[PDB]
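Coordinates from data.cif are shown below (mmCIF, C-alpha atoms and all ligand atoms).
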```
data_data
#
loop_
_atom_site.label_atom_id
_atom_site.label_comp_id
_atom_site.auth_asym_id
_atom_site.auth_seq_id
_atom_site.Cartn_x
_atom_site.Cartn_y
_atom_site.Cartn_z
CA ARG E 29 110.56 96.62 96.65
CA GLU E 30 110.26 99.55 94.15
CA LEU E 31 111.39 103.24 93.95
CA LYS E 32 109.14 105.48 96.14
CA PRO E 33 106.72 107.64 93.99
CA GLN E 34 105.74 111.36 94.35
CA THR E 35 103.63 112.78 97.24
CA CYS E 36 99.83 112.55 97.14
CA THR E 37 98.56 115.80 95.49
CA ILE E 38 95.35 115.71 97.61
CA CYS E 39 96.13 114.72 101.29
CA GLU E 40 99.98 115.22 101.11
CA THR E 41 100.53 111.81 102.89
CA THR E 42 103.57 110.41 100.99
CA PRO E 43 102.65 107.01 99.37
CA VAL E 44 105.22 104.16 99.67
CA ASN E 45 104.49 102.42 96.35
CA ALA E 46 102.56 102.82 93.02
CA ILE E 47 99.46 100.81 94.17
CA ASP E 48 99.21 102.89 97.39
CA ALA E 49 99.85 106.13 95.38
CA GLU E 50 97.09 105.49 92.79
CA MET E 51 94.63 104.29 95.46
CA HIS E 52 95.37 107.57 97.27
CA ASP E 53 94.77 109.71 94.17
CA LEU E 54 91.47 107.89 93.98
CA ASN E 55 90.10 108.08 97.54
CA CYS E 56 91.53 111.51 98.29
CA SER E 57 89.69 112.88 95.22
CA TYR E 58 86.53 111.77 97.17
CA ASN E 59 88.08 112.67 100.62
CA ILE E 60 87.85 109.06 101.99
CA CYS E 61 90.76 107.41 103.92
CA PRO E 62 92.80 105.04 101.62
CA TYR E 63 92.94 102.54 104.52
CA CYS E 64 89.78 102.83 106.74
CA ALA E 65 87.33 104.62 104.29
CA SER E 66 86.46 107.27 106.93
CA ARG E 67 84.67 109.73 104.50
CA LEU E 68 86.66 112.79 105.53
CA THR E 69 86.24 116.44 104.34
CA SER E 70 88.61 118.27 101.93
CA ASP E 71 90.39 119.78 105.02
CA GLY E 72 89.94 116.71 107.33
CA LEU E 73 91.68 114.60 104.65
CA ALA E 74 95.24 115.84 105.11
CA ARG E 75 95.05 115.69 108.95
CA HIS E 76 93.45 112.21 108.94
CA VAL E 77 95.47 110.56 106.16
CA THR E 78 98.59 111.90 108.06
CA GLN E 79 97.34 110.28 111.36
CA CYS E 80 95.31 107.08 110.47
CA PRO E 81 96.62 103.86 112.15
CA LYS E 82 95.13 101.47 109.46
CA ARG E 83 97.51 103.28 107.08
CA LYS E 84 100.49 101.49 108.72
CA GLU E 85 98.70 98.09 108.63
CA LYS E 86 97.66 98.21 104.93
CA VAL E 87 100.98 99.73 103.99
CA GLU E 88 102.98 97.04 105.83
CA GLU E 89 100.75 94.79 103.61
CA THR E 90 101.96 96.79 100.50
CA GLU E 91 105.54 95.83 101.49
CA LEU E 92 104.20 92.28 100.63
CA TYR E 93 102.56 93.40 97.35
CA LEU E 94 103.19 89.81 96.08
CA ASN E 95 99.68 89.05 97.56
CA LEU E 96 96.34 89.04 95.74
CA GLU E 97 94.76 92.32 96.97
CA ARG E 98 95.60 95.92 95.84
CA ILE E 99 92.57 98.20 96.49
CA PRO E 100 89.90 96.63 98.85
CA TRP E 101 87.37 99.29 97.69
CA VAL E 102 86.96 98.01 94.04
CA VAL E 103 85.78 94.44 94.86
CA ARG E 104 81.96 94.57 95.48
CA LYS E 105 78.97 92.11 95.57
ZN ZN V 201 96.30 111.04 99.59
ZN ZN V 202 91.93 106.24 107.99
#
```
Rendering of file as structure tokens:
Amino acid sequence: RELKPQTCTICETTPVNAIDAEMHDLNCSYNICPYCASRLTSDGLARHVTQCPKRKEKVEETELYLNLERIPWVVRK
């Protein structure tokens, strides 16, 4: 584990770790869920990133950050 970083400056959903926190600064800047890529609005963003259930699944995956994946939105083909 690592020391918990600052709150997301875009959706206000507190990130657990640095990977989750950067990913957030990235998808919230485009109002897309960090976890389900729901393509929110700038006022749907805070309410949805606060309530998404895929958030918990991906973030329980970030507790096992030792794995290969970080941001499943950057790998494309
Ligand atoms: Zn955010
Ligand atoms: Zn979501």
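With all atoms listed in the file as the atoms that count, the residue of E:31, E:102, E:94, E:60 with the shortest distance to residue E:46 is E:31.
Each of E:99, E:87, E:47, E:39 was checked against ligand ZN 201 (chain V) using all atoms listed in the file; the smallest atom-to-atom distance is that of E:39.
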> In Å, with one decimal, what is the gap from atom CA of residue E:50 to atom CA of residue E:33?
Replying inline: 9.9 Å
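One finds atom CA of residue E:29 at 27.9 Å from atom CA of residue E:59.
Considering only C-alpha atoms and all ligand atoms, the residue among E:78, E:61, E:68, E:93 positioned nearest to ligand ZN 202 (chain V) is E:61.
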Give me the residues of chain E that have any atom at most 8 Å from an atom of ligand ZN 202 (chain V); for each, the nearest atom pair and the distance in Å, rounded to one decimal. Use all atoms listed in the file, sort by chain and number, and format it as a tab-separated table.
```
residue	atom	partner	partner_atom	distance
E:60	CA	V:ZN202	ZN	7.8
E:61	CA	V:ZN202	ZN	4.4
E:62	CA	V:ZN202	ZN	6.5
E:63	CA	V:ZN202	ZN	5.2
E:64	CA	V:ZN202	ZN	4.2
E:65	CA	V:ZN202	ZN	6.1
E:66	CA	V:ZN202	ZN	5.7
E:76	CA	V:ZN202	ZN	6.2
E:77	CA	V:ZN202	ZN	5.9
E:79	CA	V:ZN202	ZN	7.5
E:80	CA	V:ZN202	ZN	4.3
E:81	CA	V:ZN202	ZN	6.7
E:82	CA	V:ZN202	ZN	5.9
E:83	CA	V:ZN202	ZN	6.4
```
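The nearest approach to ligand ZN 201 (chain V) among the residues E:55, E:45, E:95, E:70, with only C-alpha atoms and all ligand atoms taken into account, belongs to E:55.
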Specify the axis-aligned box that encloses all atoms of stretch 82-95 of chain E listed in the file after padding of 4 Å on each side, stating its centre and edge lengths in Å to one decimal as lines of an AutoDock Vina configuration file.
```
center_x = 100.3
center_y = 96.2
center_z = 102.8
size_x = 18.4
size_y = 22.2
size_z = 21.4
```
> So what do you get for atom ZN of ligand ZN 201 (chain V) versus atom CA of residue E:49, distance-wise?
Replying inline: 7.4 Å
What are the closest atom pairs, with distances in Å to one decimal, for each residue of chain E lying within 6 Å of ligand ZN 201 (chain V), using all atoms listed in the file, rows by chain and rising residue number, as a tab-separated table?
```
residue	atom	partner	partner_atom	distance
E:36	CA	V:ZN201	ZN	4.6
E:38	CA	V:ZN201	ZN	5.2
E:39	CA	V:ZN201	ZN	4.1
E:40	CA	V:ZN201	ZN	5.8
E:41	CA	V:ZN201	ZN	5.4
E:52	CA	V:ZN201	ZN	4.3
E:53	CA	V:ZN201	ZN	5.8
E:56	CA	V:ZN201	ZN	5.0
```
Taking C-alpha atoms for each residue, export the selection above as a PDB file, in the frame of the given file.
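Final output, selection.pdb:
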```
ATOM      1  CA  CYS E  36      99.830 112.550  97.140  1.00  0.00           C
ATOM      2  CA  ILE E  38      95.350 115.710  97.610  1.00  0.00           C
ATOM      3  CA  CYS E  39      96.130 114.720 101.290  1.00  0.00           C
ATOM      4  CA  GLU E  40      99.980 115.220 101.110  1.00  0.00           C
ATOM      5  CA  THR E  41     100.530 111.810 102.890  1.00  0.00           C
ATOM      6  CA  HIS E  52      95.370 107.570  97.270  1.00  0.00           C
ATOM      7  CA  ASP E  53      94.770 109.710  94.170  1.00  0.00           C
ATOM      8  CA  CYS E  56      91.530 111.510  98.290  1.00  0.00           C
TER       9      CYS E  56
END
```
> For residue E:88, which of E:103, E:72, E:48, E:67 is the closest residue, counting only C-alpha atoms?
Replying inline: E:48
> From the set E:57, E:91, E:97, E:86, which residue has the shortest atom-to-atom contact distance to residue E:32, counting only C-alpha atoms?
Replying inline: E:91
